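Taking the form deposited in one PDB entry, here's one chain by itself in structure tokens.
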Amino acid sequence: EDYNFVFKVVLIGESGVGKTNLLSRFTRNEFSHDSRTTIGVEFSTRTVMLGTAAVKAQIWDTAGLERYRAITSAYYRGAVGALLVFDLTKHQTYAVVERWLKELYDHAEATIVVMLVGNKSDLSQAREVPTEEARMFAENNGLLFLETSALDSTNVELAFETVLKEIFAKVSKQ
């Protein structure tokens, strides 16, 4: 229980993109295919060293994020980070990224650090979203960017640590 900050980081994007498995990989180094999940919303935690600061990352996840729900407001409330995940082998999951941003900014504060994540990079042979295209989008929209694989661990820790360093930088100036 050595930590100085608690950072709430929510995972968002279409179902099937890998959000639950980015959580499990980062927090438990685990990867399932059909994940046992509780009803509604959950989080898992991981303490991370940022230089000499101890930060407790609170990673939030759910299966039904969906604007009609009463719970959406509470889900986003107090979030200082977000990973907006798409499946790089499914163009459709990336085509709705703008819509997810809008949903996110209706409920999160503008200071939230957002990373656009292209997941399933181990399947880059079957890619439908050029890295360059996704990268420019993120730059035009004030989003950090990375491609990850929750399956092969590529960039998962880096994804989370980059968001967390950006949050810490930011909140130090608040």
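Residues that one form lacks are left out of the comparison. Definition used throughout: the rigid core is the maximal C-alpha set that superposes within 1.5 Å between two forms. Residue indices: 1-based, along the sequence shown.
The discussion below concerns the form deposited in another entry, not included here.
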* Structure fact -> Looking at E133, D106, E66, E30 between the shown form and the other one with the core superposed, the single C-alpha displaced by 2 Å or more is at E66
* Asked: Is the CA-CA spacing of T37 and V55 tighter or wider in the other entry than here, given a 3 Å or more change?
  -> farther
* Asked: What happens to the Cα distance from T38 to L151 in the other entry: does it get closer or farther than here, with a change of 3 angstroms or more?
  -> closer
* Structure fact -> On a rigid core fit between the shown form and the other one, runs of three or more residues in which every CA shifts by 2 Å or more occupy 33-39, 64-67
